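Okay, so here's just one chain, in structure tokens, the form deposited in one PDB entry.
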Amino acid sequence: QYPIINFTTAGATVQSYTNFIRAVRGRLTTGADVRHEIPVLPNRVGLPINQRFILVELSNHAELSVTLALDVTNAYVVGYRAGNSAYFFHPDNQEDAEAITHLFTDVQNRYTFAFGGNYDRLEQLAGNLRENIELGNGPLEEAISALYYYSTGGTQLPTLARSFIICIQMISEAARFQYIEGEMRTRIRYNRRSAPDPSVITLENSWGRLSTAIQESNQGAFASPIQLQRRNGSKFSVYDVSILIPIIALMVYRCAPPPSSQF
């Protein structure tokens, strides 16, 4: 039922990763909602369950596969399937709890983790912050294997959490931000793994706020500036949507678009 996008870390190139992220974005957004040239994800309100999720099937050089489930309203990774078992993060609300019952329905073993899937919880379990977790094709290759082997006891909980953190950033954050996609393209081009710098971290942390600021803006102008960081950690202020057009690829729905002013 739900659309499937395939990606493999096996012989991954800049182009194959670019095709993948483009395909993910294409299945996340409908084209119905574009504001200041930036697409908005489907509104959760009144969204039919048959349109709620996309599936991301990740394969690796080790000949293993896992399937991530993403909520189309926010690109949130809600859980995964590896062979005969499926695992879901502790849902944040009753609606999201009902929604996940529609995923991986023919799987033999269904588990819901007792922990939620936000970075804060995952970093706690990993024993490391995002700033110290390396990203790139190698980390993703290893993450796929780690998710695959969880059900058989091969993967410790910290490794599982770290592996989720890798997948979320390389798929969902890359889908959300052209800038983050670019940072991952660079790592793939040179086959060099590295932890995300402050520019990546602050963008991830600010996605909700940026989405709201753009959507609530007066003709693109922010009421309140948003502070982001450069690669070197120095602060710069965002006052307007204009500067974000090359940076943010999609937004979470925050409010209705205002009517146009006419002469």
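We number the residues from 1 along the sequence you see.
The following text describes the form solved in complex with a small molecule, which does not appear among the structures shown.
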For the three residues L203, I243 and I247, verify that every one has a non-hydrogen atom within 4.5 Å of the small molecule in the bound PDB entry; reply yes or no.
yes
Does the 4.5 Å heavy atom contact test between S199 and the small molecule in the bound PDB entry come out positive?
yes
In the bound PDB entry, does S65 have a heavy atom within 4.5 Å of the small molecule?
no
4.5 Å heavy atom contact, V40 to the small molecule in the bound PDB entry
no
Taking the shortest heavy atom distance, is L228 within 4.5 Å of the small molecule in the bound PDB entry?
yes
